[PDB]
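A.B. asks: Structure provided below as structure tokens; questions to follow.
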Amino acid sequence: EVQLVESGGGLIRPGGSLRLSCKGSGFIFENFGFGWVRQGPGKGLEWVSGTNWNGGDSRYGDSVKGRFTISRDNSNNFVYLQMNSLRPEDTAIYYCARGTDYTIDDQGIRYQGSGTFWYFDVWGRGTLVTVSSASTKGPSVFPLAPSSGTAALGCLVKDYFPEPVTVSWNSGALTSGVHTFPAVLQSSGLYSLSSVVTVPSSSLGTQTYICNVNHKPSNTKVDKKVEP
Amino acid sequence: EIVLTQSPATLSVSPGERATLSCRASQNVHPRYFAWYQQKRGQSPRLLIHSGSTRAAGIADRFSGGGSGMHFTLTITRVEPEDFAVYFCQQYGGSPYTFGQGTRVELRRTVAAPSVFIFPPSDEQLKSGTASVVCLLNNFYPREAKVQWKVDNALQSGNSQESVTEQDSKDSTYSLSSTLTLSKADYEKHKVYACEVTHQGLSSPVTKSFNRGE
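Protein chains in written order, with this note's numbering: chain G, 39 to 266; chain H, 889 to 1102.
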């Protein structure tokens, strides 16, 4: 029943501001501390901000000290994170996480009800925050012709924005041996991935192979047949 | 500031074996001020151990933490297939609170050599001013593999990007793609395009290549 829900994520140009909101429910919001943890594109976890049960103690991450601001509303079950002057390096999934419902002072005594942001026992689904100056674009689909056991063919989806893109082969029929690689951000601020599939050596001449690229954020749908 | 260093980077284990993850703190940390998190693919992280060696809510019996000073460990008695994920260690004895870079727990299988393919820049792309040469490594274990590009016996650097799949669900292998991007101008200036792959399953570095327009 206990759940945390993030909101406020989305595309933001460099230098812009944004405000994240977290709705706590199913627990006594008053006793717990809270904190924000972000996770970049396929990387580890980084501590961003945190606040205690009453909000009297608020620490921030080293990278974001001064730019970010955390606040809470105990009378409405909300945790906020004001983010100012966003750089491309702040692109990540931001998790709203619940702290403790207690604390322990210097003398080693336990204080019930005075929660803090030591560790986090409850995490939300997180909200995605993309910081880029580039504009929305549909992908260009180039073929990867098999030339000289077996043979590999594929589709190079290049220069699109933003994520995601879905690649399927022969609609829903072809699945076995298909490898869709994670997208890679280029120097131009545009994404680009590859999707390959291995087929029998003599299977080329008989049956055709199409990759169904589907980029919803640009209303783009592309069918690409691949041949030597 | 306390820097946490997890080792090993990748922990290759088999279902049933015992797993011991390590975290090397730069400064001394009180044993009661440490935590461990688990994160399966595509999901939010989850607390396993808090207060040094206390199992979180609904955490299985096999998980256990401990340690003091600069060395902390998380131990799984026998690992289940549900335990294959990324594990982060966290300290909170010193401000600011920091995480480890993470330890990937993978399913260990037998060594498999990569099937190396190579793709020339499509004519559709060359007609648009760019050129992308793709080098593919198929179904290879372990994850460690070095790929170096050679254009007319000249080593490349910085102009190539790599991407690798998650561990396959069927055969527990990996697949890697290395994309070398060049302008159409510099692409026409050359003839031989090679891709030298170095792997454990190979007795010696395999080199797949093609000649432009042949």
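For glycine and all other residues, C-beta sits at the position ideal for the given N, C-alpha and C.
Taking the C-alpha atoms as reference points, what is the distance between G/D261 and H/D1011?
C.D. replies: Here the question's residue 261 of chain G lines up with position 223 in the first sequence. Here the question's residue 1011 of chain H lines up with position 123 in the second sequence. Approximately 17 Å, taken between the alpha carbons.
A.B. asks: Considering only C-alpha positions, which residue in the set H/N1026, H/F1028, H/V1022, H/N1027 is nearest to H/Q1036?
C.D. replies: Locating residue 1036 of chain H in the second sequence gives position 148, where the first residue counts as 1. Among H/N1026, H/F1028, H/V1022, H/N1027, the Cα nearest to that of H/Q1036 is on H/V1022.
A.B. asks: Between H/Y985 and H/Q979, what straight-line distance do the alpha-carbon atoms span, to the nearest angstrom?
C.D. replies: Within the second sequence, the letter at position 97 stands for residue 985 of chain H. Within the second sequence, the letter at position 91 stands for residue 979 of chain H. Rounded to the nearest angstrom, the two C-alpha atoms are 6 Å apart.
A.B. asks: Please report the residue range of the beta strand (DSSP E) in which G/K263 lies.
C.D. replies: Walking along the first sequence from the start, residue 263 of chain G turns up at place 225. Its beta strand (DSSP E) spans residues 258 to 263.
A.B. asks: Between G/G162 and chain H, is the shortest Cβ-Cβ distance under 8 Å, so that the two count as touching?
C.D. replies: In the first sequence, counting from the first residue as 1, residue 162 of chain G sits at position 124. Yes, its Cβ sits closer than 8 Å to a Cβ of chain H.
A.B. asks: Since residue 1107 of chain H sits in a beta bridge, which residues does DSSP pair it with?
C.D. replies: In the structure as shown, chain H begins at 889 and stops at 1102. Residue 1107 of chain H is therefore absent and cannot be evaluated.
A.B. asks: Can you tell me which of H/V1039, H/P1002, H/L1090, H/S1016 puts its alpha carbon nearest to the alpha carbon of H/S1065?
C.D. replies: For this step, residue 1065 of chain H is matched to residue 177 along the second sequence. Looking at the Cα atoms, H/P1002 is the closest of the given residues.
A.B. asks: Could you name the residues that DSSP lists as bridge partners for G/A135?
C.D. replies: Numbered from its first residue, the first sequence carries residue 135 of chain G at position 97. Its beta-bridge partners are G/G73, G/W161.
A.B. asks: Here's the rule I'm using: 16 or more other beta-carbon atoms within 10 Å means buried, otherwise exposed. How should G/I66 be labelled?
C.D. replies: Within the first sequence, numbered from 1, the residue matching residue 66 of chain G stands at position 28. It is exposed - the Cβ of G/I66 has fewer than 16 other Cβ atoms within 10 Å.
A.B. asks: Who are G/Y118's beta bridge partners in DSSP?
C.D. replies: Numbered from 1 along the first sequence, position 80 holds the residue referred to as residue 118 of chain G. According to DSSP, G/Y118 bridges with G/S59, G/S109.
A.B. asks: Is it right to say G/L194 is buried, meaning 16 or more other beta carbons lie within 10 angstroms of its own, or is it exposed?
C.D. replies: In the first sequence, counting from the first residue as 1, residue 194 of chain G sits at position 156. Per the 10 Å Cβ criterion, buried.
A.B. asks: Return the Cβ separation of H/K1096 and H/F1028 in integer angstroms, given the expectation that the two are a contact with Cβ distance under 8 Å.
C.D. replies: Numbered from its first residue, the second sequence carries residue 1096 of chain H at position 208. Numbered from its first residue, the second sequence carries residue 1028 of chain H at position 140. Their Cβ separation, rounded to whole angstroms, is 14 Å, which puts H/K1096 and H/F1028 out of contact at 8 Å.
A.B. asks: Residues of the region 177 to 188 of chain G with a CB closer than 9 Å to any CB of chain H: list them in chain order, please.
C.D. replies: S178, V179, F180, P181, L182, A183, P184, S185, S186, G187, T188
A.B. asks: Report the rounded CA-to-CA distance for G/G164 versus G/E44, giving the unit in angstroms.
C.D. replies: Stepping through the first sequence from its first residue, residue 164 of chain G is reached at position 126. Stepping through the first sequence from its first residue, residue 44 of chain G is reached at position 6. Using only the alpha carbons, I get a separation of about 6 Å.
A.B. asks: On the DSSP letters alone, give me the boundaries of the alpha helix (DSSP H) that H/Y1075 sits inside.
C.D. replies: Your numbering for residue 1075 of chain H matches position 187 in the second sequence. If you look at H/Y1075, you'll find it in the alpha helix (DSSP H) that goes 1072 to 1076.
A.B. asks: In its own chain, which residues sit with a C-beta less than 7 Å from the C-beta of residue 296 of chain G, not counting the 5 before and 5 after it?
C.D. replies: Since the first residue of chain G shown is 39 and the last is 266, residue 296 of chain G is not available in this structure.
A.B. asks: Applying the criterion that 16 or more other CB atoms from any shown protein chain within 10 Å of the CB defines a buried residue, is G/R57 buried or exposed?
C.D. replies: What you label residue 57 of chain G is simply residue 19 of the first sequence in a count that begins at 1. Label assigned to G/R57: exposed.
A.B. asks: Among G/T168, G/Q120, G/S232, G/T246, whose alpha-carbon lies nearest the alpha-carbon of G/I131?
C.D. replies: The sequence position of residue 131 of chain G within the first sequence is 93, counting from 1. The option with the nearest alpha carbon to G/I131 is G/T168.
A.B. asks: Closer than 7 Å by C-beta to H/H1087: which residues in its own chain qualify, once you throw out the five before and the five after it? Chain order, please.
C.D. replies: Translated into the one-based positions of the second sequence, residue 1087 of chain H becomes position 199. Taken in chain order, the residues that qualify are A1001, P1002, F1028, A1033.
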